[PDB]
Structures are given as structure tokens and as C-alpha cells.
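Student: Numbering (the entry's author numbering), first residue to last: 1 to 13, 15 to 35, 47 to 72, 76 to 148, 165 to 295. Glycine included, C-beta positions come from ideal geometry on N, C-alpha and C. Let me give you the structure first, and then I'll get to my questions.
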Ligand SMILES: O=C(O)c1ccc(F)cc1
Ligand SMILES: O=C(O)c1ccc(F)cc1
């Protein structure tokens, strides 16, 4: 639109994302060019320090967001040789659990959490961006064809991301829906009715799924301490109803010594 001057493409998702200058405010913004109105009103009222601000909705459908240059994916890549320091891992994890708790207590699900979608600033903040309006962070209930999923899908994604900051490798780098499912099964064991009541009734569940044994989490995320492994295990419970909430995750002993370091 004529009050916005394009600076450069930020990325491509539903649509395309540009860095743009607002000619009216002089502000630099992220401009995303693309039932929906109620969804986008819920996003425009969601205001929290760990949620990217939806500044303006222009229907002529452009969504004007606050701009941040850096994301967690870019940061993980630049940090690959040394790793993200654990204080910063813990700070990023704690802040995303806060944004998620806010979202979830306002009946908003993210649905598509990934490192790419997590924007960081120079002061040590991290913010949920690009709400769901490639498969690595997908909860197994979504992969098993469940259409009426819960807030627990965002917890699973955040658990995957937590594991990835710790080990500097994606936890479950699936390249199709079945490879994704089977990567989850080879690590955590093939779910059954014992650990996940109702799993064998999921729309895309097949009795012919191979039966893998579970690996110990001490093998999965070394050198993470017992508090970090305890919390990760609770974020990665098969049964969405056993999966810890973002609010109860905030009171976990892992966050006892949480601080907010400056990234460098
Ligand atoms: O898609 C978003 O939500 C988004 C992406 C980049 C950015 F700087 C701000 C918002
Ligand atoms: O969902 C879990 O957390 C879980 C699944 C299988 C198992 F053997 C232990 C825990």
C-alpha cells in the first residue's frame, strides 16, 4: 500500500513478508501480504512482551507487525560451534513458556512453533511470531490426523526446540509425515493404549506401525541436567492430556536459577 515503502524480503510462508518503512510514522515494520476477522482480532488484542505486536490490519490483506531482525534459527546457526549458553537457553525457554501461557489462557493456540518463527532482540528477549492462521516440531496427534487438538501441541513443539538449542541438532528431522512419525517412535517408543489411551482410535493410526523401544532421555539431550531432562520429558509426553501446561512448566525446578542474559 502507498504509505509503505519496501526495503527487502524478510521471508515467505499463506503469503510473503517484507521489511518496510511506514511513511506516516517513519517506523520500520514487517509487512505480511496474504471466521478470519475474529481470529485476527484475537491476535491484535494479544499483547505480551513475548508476542510480536500486530500493529495494523489493512484490508484493500496486509498484516503490519513490529520488526525484529534476528530469529532463533539464525541464532542457533551462528551459535553452532560453541552452542547457546545454558543460561540463555533457560531464559529463552522461560520467556516462550510465558508467551505460550498468555496465549493459552486467552484460548489462542500458536499451532506452528519453529525456530524460524521465534524473534530475538539485542536485550535478551524472545517473541512468538507467525501464528498459524516444516514438520519437525509437529505434535504426534496432528500427524495421526487429530483435527480437534489442544494447547498441548505448542508445548510439544517447544520441547522439540528446547532439545535442539541443547544438542545443536533438530530432535526429529522428518522429511514426510510418516518419516516424522517414525522418527518420534524410534526415539520415544511406539505409543500404545497404556501410555496414550485412545491412540489406536486416532484417524491415521495403523496397527501395522512397527513397534520401537523407547530410548533414555540421557542419550537424547546430553549434557542436559536432570531438571532440564525432567521438564523436557513432561513436554514430550505422548498423551496430550499428560503433557505439562505452559503455566505448570514455569514453576518447574529447572527455572529456579533463571536469569535474562544478553545474547553475544
Ligand atoms: O510473520 C511474522 O509474524 C513476522 C515475521 C518477521 C517479523 F519481523 C515480524 C513478524
Ligand atoms: O509418554 C511418555 O512420557 C512415555 C511413553 C512411553 C514410556 F515408556 C515412558 C514414557
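Short check: CB of residue 79 to CB of residue 25, under 8 Å?
Tutor: No, these two residues do not count as a Cβ contact at 8 Å.
Student: Just list the alpha helix (DSSP H) runs in the segment 259-286, keeping only unbroken ones of 4 residues or longer that don't cross its boundaries, in chain order.
Tutor: As far as the segment 259-286 is concerned, its whole alpha helix (DSSP H) runs of at least 4 residues are 277-281.
Student: According to DSSP, what are the bridge partners of residue 95?
Tutor: The partner list for residue 95 (beta bridge, DSSP) is empty, contrary to what the question assumes.
Student: When you compare the CB positions of residue 222 and residue 179, do they come within less than 8 Å of one another, or not?
Tutor: Going by C-beta atoms, residue 222 is not nearer than 8 Å to residue 179.
Student: Quick check on DSSP: helix, strand or coil for residue 110?
Tutor: Residue 110 falls in the helix class under three-state DSSP.
Student: DSSP has residue 31 in a bridge; who is on the other side?
Tutor: Note: residue 31 sits in a beta bridge opposite 20 and 80.
Student: DSSP three-state label for residue 12, please.
Tutor: If DSSP states are grouped into helix, strand and coil, residue 12 belongs with the strands.
Student: Helix, strand or coil: how does DSSP classify residue 230 here?
Tutor: Residue state, collapsed to three classes: helix.
Student: Is it buried or exposed for residue 110, if we count other Cβ within 10 angstroms and need 16 for buried?
Tutor: Flag for residue 110 reads buried.
Student: Give me every residue whose Cβ sits closer than 7 Å to any heavy atom of ligand 2, in chain order.
Tutor: This selection yields 219, 220, 222, 226, 227, 245, 264, 267, 268, 269, 270 and 273.
Student: Quick one: residues in its chain with C-beta nearer than 8 Å to the C-beta of residue 1, no 5 flanking neighbours on either side, listed in chain order?
Tutor: Around residue 1: 70, 72 and 77.
Student: First and last residue of the beta strand (DSSP E) that includes residue 70?
Tutor: Start and end: 66-70.
Student: Are the CB atoms of residue 135 and residue 86 nearer to each other than 8 Å?
Tutor: Yes.
Student: So, are the CB atoms of residue 189 and residue 128 less than 8 Å apart?
Tutor: For residue 189 and residue 128, yes; Cβs fall inside 8 Å.
Student: Among the residues of its own chain, which have a CB less than 6 Å from the CB of residue 271, if the five just before and after it don't count?
Tutor: Within the same chain, residue 271 has close Cβ partners 172, 181 and 183.
Student: Okay, do the segment 187-203 and the segment 246-261 touch, 3+ Cβ pairs below 8 Å being the bar?
Tutor: Contact holds: three or more Cβ-Cβ distances are below 8 Å.
Student: If you follow the beta strand (DSSP E) that residue 133 is in, where does it begin and where does it stop?
Tutor: Note, residue 133: beta strand (DSSP E), 133-135.
Student: Looking only at DSSP bridge pairs, what is residue 245 linked to?
Tutor: Per DSSP, 219.
Student: Since residue 105 and residue 286 should fall inside the 8 Å C-beta cutoff, what is the C-beta to C-beta distance between them, to a whole number of angstroms?
Tutor: At roughly 7 Å, the Cβ-Cβ gap stays under 8 Å, so residue 105 and residue 286 are in contact.
Student: Just to confirm before moving on: does the CB-CB distance between residue 216 and residue 187 stay below 8 Å?
Tutor: Cβ distance not < 8 Å, so residue 216 and residue 187 don't count as in contact.
Student: Only counting the same chain, and skipping five residues up and downstream in sequence, which positions put a Cβ closer than 8 Å to that of residue 119?
Tutor: The answer, listed in chain order, is 182, 185, 276, 277 and 278.
Student: For residue 123, which residues in the same chain have their Cβ closer than 8 Å to its Cβ, ignoring the five residues on either side in sequence?
Tutor: The answer, listed in chain order, is 54, 55, 58 and 146.
Student: What do you get for residue 229, buried or exposed, if any count of 16 or more other CB atoms within 10 angstroms of its CB means buried?
Tutor: With fewer than 16 other Cβ atoms within 10 Å, it is exposed.
Student: Is residue 102 closer than 8 Å to residue 231 when the C-beta atoms are compared?
Tutor: Going by C-beta atoms, residue 231 is not nearer than 8 Å to residue 102.
Student: Let me check understanding here. Comparing Cα to Cα, which of 177, 116 and 208 lies closest to residue 167?
Tutor: Ranking 177, 116 and 208 by Cα distance to residue 167 puts 208 first.
Student: By Cβ distance below 8 Å, which residues in the same chain neighbour residue 274 in space, the five residues on each side in sequence not counted?
Tutor: Hits under 8 Å: 183, 186, 187, 265, 266, 267 and 268.
Student: For residue 132, which residues in the same chain have their Cβ closer than 6 Å to its Cβ, ignoring the five residues on either side in sequence?
Tutor: Excluding positions up to five away in sequence, the list reads 144 and 145.
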